[PDB]
Enquirer: 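Pasting a structure below so you can have a look.
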Amino acid sequence: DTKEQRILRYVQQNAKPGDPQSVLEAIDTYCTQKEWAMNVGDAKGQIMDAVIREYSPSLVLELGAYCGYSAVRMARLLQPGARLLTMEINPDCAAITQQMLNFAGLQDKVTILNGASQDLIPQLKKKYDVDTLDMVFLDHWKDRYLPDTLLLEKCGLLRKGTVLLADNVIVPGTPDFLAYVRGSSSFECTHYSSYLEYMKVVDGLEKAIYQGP
Ligand SMILES: Nc1ncnc2c1ncn2[C@@H]1O[C@H](CSCC[C@H](N)C(=O)O)[C@@H](O)[C@H]1O
Ligand SMILES: O=c1[nH]cnc2c(O)c(F)c(-c3ccc(F)cc3)cc12
Ligand SMILES: [Cl-]
Ligand SMILES: [Mg+2]
């Protein structure tokens with residue numbers, strides 16, 4: 001078995017079905033005590049929670065699902081009828097994520113799409129009936145943050161006030177993306193300093209609010 005299978009089994013055997021908080025706590029326990037994994041984690045997760053509560057987004061797009069930790073984190077704070085779409089290139093992880101969400105009782109709020117972000121983003125309007133996004137969580141791969149931001153804009157998926165929230169802007173780091181959004185009059189940016197999940201290593205999130213062309 002894989003690390004990701006082991007995380008899912010741990011949740012299944014140490015959390016309560018239908019209880020998102022118990023799922024997050026189980027994942028965080030496993031990943032602190034047993035095996036590190038690239039979940040956004042509790043420290044940065046608390047910042048994400050504060051952002052989600054401030055904006056109450058009706059439609060969120062996540063890039064990079066992994067085991068479903070961040071999807072659970074966000075979806076448990078969505079209002080009735082609000083929705084999360086999450087894109088995941090690795091089919092084994094897409095299946096873990098789906099099972100994680102099912103266990104948490106969040107499956108009605110989330111659509112887990114198996115494919116590359118750069119291939120799926122251009123299909124959101126016609127295939128997935130999206131108009132514009134209220135929030136984007138970028139947490140897939142550092143080198144895709146800038147290209148996928150520019151693709152989102154090309155595809156007409158951003159509106160005035162769309163919130164981009166980017167993980168790992170310090171470690172592994174996303175220098176092109178940061179230089180771009182911080183230098184562009186089309187974004188208003190704020191940095192939230194924190195720590196790499198499960199580690200005493202500095203990391204941070206960037207919030208970049210789209211301001212129109
Ligand atoms: N181009 C791409 N499109 C979609 N998924 C991608 C991708 N490149 C990498 N990924 C996926 O992005 C994930 C990064 S880890 C995601 C962690 C998750 N957001 C959490 O905090 O719980 C991996 O599962 C990886 O397979
Ligand atoms: O590739 C990633 N995608 C999404 N999130 C990540 C993450 O949160 C990480 F900490 C890391 C990471 C991996 C190894 C390290 F030594 C440090 C950070 C990687 C990713
Ligand atoms: Cl943490
Ligand atoms: Mg990350």
Side-chain angles (χ1 to χ4, degrees), residues 2-4 6-8 10-11 14-15 20-52 60-77 84-94 96-97 100-101 110 112-121 135-149 151-152 163-178 181 190-208:
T2 67
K3 177 168 67 180
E4 296 71 36
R6 292 185 290 276
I7 292 167
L8 178 60
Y10 189 86
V11 170
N14 292 275
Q21 187 63 34
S22 77
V23 168
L24 301 173
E25 289 171 354
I27 296 169
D28 287 330
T29 298
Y30 188 82
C31 297
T32 301
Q33 296 185 352
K34 285 127 215 141
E35 309 182 84
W36 187 90
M38 61 180 163
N39 314 121
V40 67
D42 191 74
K44 289 183 288 173
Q46 284 182 40
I47 298 164
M48 295 176 64
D49 290 353
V51 175
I52 290 278
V60 182
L61 175 58
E62 169 174 88
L63 309 178
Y66 190 49
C67 298
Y69 180 96
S70 58
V72 168
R73 189 136 203 141
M74 292 190 283
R76 81 193 205 285
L77 292 182
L84 173 64
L85 305 171
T86 185
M87 297 180 172
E88 175 53 59
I89 202 174
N90 180 293
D92 299 282
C93 287
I96 292 167
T97 292
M100 193 73 72
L101 285 159
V110 189
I112 302 81
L113 310 169
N114 177 214
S117 56
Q118 58 268 43
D119 300 328
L120 295 168
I121 286 168
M135 189 171 295
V136 183
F137 181 49
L138 299 89
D139 193 27
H140 54 335
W141 176 241
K142 58 183 187 173
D143 294 333
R144 297 242 55 89
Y145 284 29
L146 181 54
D148 285 350
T149 294
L151 182 61
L152 288 162
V163 174
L164 305 187
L165 188 65
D167 192 30
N168 304 120
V169 304
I170 308 302
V171 179
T174 63
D176 68 341
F177 171 82
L178 280 183
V181 297
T190 308
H191 184 70
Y192 299 83
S193 193
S194 183
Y195 297 85
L196 180 61
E197 53 263 37
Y198 316 113
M199 295 294 286
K200 294 178 188 184
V201 171
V202 172
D203 191 19
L205 306 171
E206 195 78 0
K207 189 177 65 175

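Start at 1 with the first residue, then count along the sequence. The figures that follow rest on heavy atoms only: side chains count, while hydrogens, waters and symmetry mates do not. Remember, it's 1-based here, ligands and their atoms both numbered in the order they're listed.
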Enquirer: Check the angle between the aromatic planes of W36 and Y198 and answer parallel, tilted or perpendicular using the 30° and 60° thresholds.
Expert: perpendicular

Enquirer: Show your reasoning for whether side-chain contact (heavy atoms from CB on, under 4.5 Å) applies to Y69 and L24.
Expert: CA-CA 7 Å; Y69 180 96; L24 301 173; 3.7 Å; yes

Enquirer: Given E197, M38, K44, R144, which has its nearest heavy atom closest to atom 8 (O) of ligand 2?
Expert: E197

Enquirer: Protein N/O/S atoms under 2.8 Å of the Mg ion (ligand 4)?
Expert: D139 OD1, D167 OD2, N168 OD1

Enquirer: Quick one: does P172 get within less than 4.0 Å of ligand 2, heavy atoms only?
Expert: yes

Enquirer: With sequence neighbours excluded, what pairs up with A71 under the side-chain contact (heavy atoms from CB on, under 4.5 Å) test?
Expert: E62, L84, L101

Enquirer: The test is side-chain contact (heavy atoms from CB on, under 4.5 Å); show your working for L138 and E206 and say whether it passes.
Expert: CA-CA 10 Å; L138 299 89; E206 195 78 0; over 6 Å; no

Enquirer: In terms of atom number and element, which parts of ligand 2 are under 4.0 angstrom from non-hydrogen atoms of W141?
Expert: 1 (O)

Enquirer: Could you tell me which atoms of ligand 2, counted from 1 in the order shown, lie closer than 4.0 angstrom to a heavy atom of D139?
Expert: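 Counting from 1, the qualifying ligand atoms are 3 (N), 4 (C), 5 (N).
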
Enquirer: Which bit of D167 is near ligand 2, meaning a heavy atom under 4.0 Å away: side chain, backbone, both or neither?
Expert: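 It is the side chain that gets close, since no backbone atom is under 4.0 Å.
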
Enquirer: Begin with the C-alpha distance, continue with both residues' side-chain angles, and end with the deciding distance and a verdict on side chain to side chain donor-acceptor pair (under 3.5 Å) for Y145 and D176.
Expert: CA-CA 8 Å; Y145 284 29; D176 68 341; over 6 Å; no

Enquirer: Using non-hydrogen atoms of the residue, decide whether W36 is closer than 4.0 angstrom to ligand 2.
Expert: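 Within the 4.0 Å threshold, so yes.
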
Enquirer: Applying side-chain contact (heavy atoms from CB on, under 4.5 Å), run through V40 and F137 and close with a yes or a no.
Expert: CA-CA 11 Å; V40 67; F137 181 49; 4.1 Å; yes

Enquirer: Give the residue and atom name of whichever protein heavy atom lies nearest to atom 6 (C) of ligand 2, and the separation in Å to one decimal.
Expert: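 Protein heavy atom with the smallest distance to atom 6 (C) of ligand 2: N168 OD1, 3.1 Å.
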
Enquirer: Do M74 and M48 touch side chain to side chain, with heavy atoms closer than 4.5 Å?
Expert: yes

Enquirer: Among pairs that include at least one residue of residues 33-46, which meet salt bridge (charged side-chain N to carboxylate O under 4.0 Å, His left out), considering only residues two or more places apart or in two chains?
Expert: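 Passing the test, one end in residues 33-46: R6-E35, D42-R73, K44-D167, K44-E197, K44-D203.
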
Enquirer: Which atoms from ligand 2 have a heavy atom of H140 less than 4.0 Å away?
Expert: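 Matching atoms, with element in brackets: 1 (O), 2 (C), 3 (N), 4 (C).
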
Enquirer: Taking side-chain contact (heavy atoms from CB on, under 4.5 Å) as the test, write out the residues that go with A116, two or more places apart.
Expert: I89, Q118, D119

Enquirer: In the complex you have, is atom 16 (F) of ligand 2 within reach of the protein, judged by whether a heavy-atom distance drops under 4.0 Å?
Expert: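 No, there is none.
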
Enquirer: For atom OH of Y195, decide whether the heavy atoms of other residues, nucleotides or ligands shown that lie under 6.0 angstrom number more than 12.
Expert: no

Enquirer: Show the atoms of ligand 2 that are less than 4.0 angstrom away from any heavy atom in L196.
Expert: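 Selected atoms, number and element: 10 (F), 18 (C).
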
Enquirer: Determine, stepwise, if the pair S194 / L205 fulfils side-chain contact (heavy atoms from CB on, under 4.5 Å).
Expert: CA-CA 8 Å; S194 183; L205 306 171; over 6 Å; no

